[PDB]
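Scroll down for the structure; my scribbles are underneath it.
What follows is the structure in structure tokens.
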């Protein structure tokens with residue numbers, strides 16, 4: 023009876039807090055006529071700050087989340103979103119945008135906490151059902167936010183400044199609603254952990270997916286960041302309505318949802334073949350990145366959108382299999398630590414790559430050549446996986 027109230031309120035909060043209309047149109051706004059911003063300044067100055075601050079912030083945020091009650095950090099996430107949008111709206115120079123990226127990194131870091139909070143509050147026996155409902159709610163919110171913003175701009179023909187003004191109200195309501203949710207009673211954080258980690262580490266199947274999560278995730282995140290600037294490069298946004306950035310986001314979200322559903326269907330049945338599966342998916346990802354790099358025609362933008370959504374769906378499909386394969390050996394207590402270390406290593410790799418290719422006082426290449434290099438990086442990853450699979454197969458015959 024009383025349980026239903028919280029059960030629905032949590033889903034409502036998640037869905038409402040996923041409603042950001044202007045998130046997907048941030049990049050075109052930075053390059054819009056109203057702001058005297060050059061493209062190379064955006065690619066070389068603004069974005070690397072995001073990567074640096076993500077690595078700087080991540081571990082303290084997670085440690086604070088676990089030590090403190092989840093509600094304070096969950097509220098801080100919404101407050102940081104509010105600060106990000108305020109800075110973006112009133113940004114007047116490049117340093118302001120750098121600070122904005124720093125503030126957005128904090129919001130990015132807090133993503134993981136909410137899944138832990140739901141596990142914390144809900145009774146253990148009923149956890150699965152509420153967790154599935156919450157995941158459905160948050161995914162639906164993410165899918166609907168971009169659709170709402172893109173449809174508002176496309177047929178409404180509203181200006182960019184108006185769109186972010188509309189977004190700010192939703193963010194304010196999100197934080198105000200976020201304030202109320204009840205704090206979990208007791209979820210605070251030991252040779253047992255070390256012994257369990259040592260025992261599990263010896264498992265063969267885990268290492269492969271761990272390495273994949275380390276490298277391929279960093280590559281995918283770099284591509285996800287820079288894609289928008291590449292899109293702006295391909296075609297000038299002379300008219301606000303013409304741009305279709307949000308629609309690509311919504312289609313990618315839907316394709317990711319459908320493909321993620323598929324993974325569960327045959328997650329166990331494809332366990333035997335994993336290196337070959339990784340190679341097959343990585344090859345296509347590399348090919349899509351190369352196609353994104355090589356497309357320069359003004360009228361080929363439509364094909365470019367399909368390339369990016371296909372690449373995002375291809376990456377999304379692989380995630381559930383990795384999560385299931387990693388999770389099984391360990392326990393809930395150690396799952397969060399196993400995942401945490403992985404993300405920290407991945408962010409370190411991404412920081413090194415981004416500081417080399419794109420940061421000033423370095424190679425500092427423009428977006429085009431940067432994507433051309435990322436294509437080679439993904440191709441190398443795919444070749445490594447194929448060689449490993451062939452080496453494994455060779456013994457199998459004997």
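Residue numbers (PDB author numbering): 23 to 211, 251 to 459. By construction, the Cβ of each residue, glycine as well, lies at the ideal position given by its N, Cα and C atoms.
Exposed or buried, which one is residue 42 when buried takes at least 16 other CB atoms within 10 Å?
The residue in question, residue 42, is buried, as its Cβ has 16 or more Cβ neighbours within 10 Å.
Consult DSSP for residue 23 and reduce its assignment to one of helix, strand or coil.
Coil at residue 23, not helix or strand.
Do residue 432 and residue 354 come within 8 Å of each other at the CB atom, strictly closer than that value?
Cβ atoms of residue 354 and residue 432: closer than 8 Å.
Measuring alpha carbon to alpha carbon, tell me which residue in 170, 35, 448 and 80 is nearest residue 412.
Checked all of 170, 35, 448 and 80; the closest Cα to residue 412 is 80.
Out of 87, 86, 428 and 119, which has the shortest C-alpha to C-alpha gap to residue 59?
The shortest C-alpha separation from residue 59 is found at 119.
Hey, would you say residue 325 sits closer than 8 Å to residue 377, going by beta carbons?
Taking 8 Å as the Cβ cut-off, residue 325 and residue 377 do not qualify as a contacting pair.
Is there a Cβ of chain B sitting closer than 8 Å to that of residue 42, yes or no?
Considering every chain present, this structure includes no chain B. It has just one protein chain.
Suppose contacts are defined by Cβ-Cβ distances below 8 Å. Is residue 382 in contact with residue 267 by that definition?
No, these two residues do not count as a Cβ contact at 8 Å.
With distances taken from CA atoms, which of 90, 311, 142 and 454 is nearest residue 173?
The option with the nearest alpha carbon to residue 173 is 311.
Going by DSSP in three states, residue 187 sits in which element: helix, strand or coil?
DSSP places residue 187 in helix when its eight states are reduced to three.
Thinking just about the alpha-carbon of each residue, which of 289, 114, 57 and 175 is nearest to the one in residue 69?
Among 289, 114, 57 and 175, the Cα nearest to that of residue 69 belongs to 289.
Is the distance from the Cβ of residue 372 to the Cβ of residue 346 below 8 Å?
Yes, the Cβ-Cβ distance between residue 372 and residue 346 is below 8 Å.
Taking the straight line between their C-alpha atoms, what separation do you get for residue 140 and residue 158?
The alpha-carbon atoms of residue 140 and residue 158 are separated by roughly 13 Å.
Could you check whether residue 129 and residue 102 sit closer than 8 Å to each other, using their CB atoms as the reference points?
For residue 102 and residue 129, yes; Cβs fall inside 8 Å.
Is it the case that the stretch 440–454 contacts the stretch 86–97, given that we only count it when at least three CB pairs across the two stretches are under 8 Å?
At 8 Å Cβ cutoff, the stretches do not touch.
With a Cβ-Cβ cutoff of 8 Å, do residue 72 and residue 64 count as a contact?
No.
Indicate, with yes or no, if the ligand FMN has a heavy atom lying under 7 Å from the CB of residue 399.
Questions concerning the ligand FMN fall outside what the structure shown contains, since it holds no ligand whatsoever.
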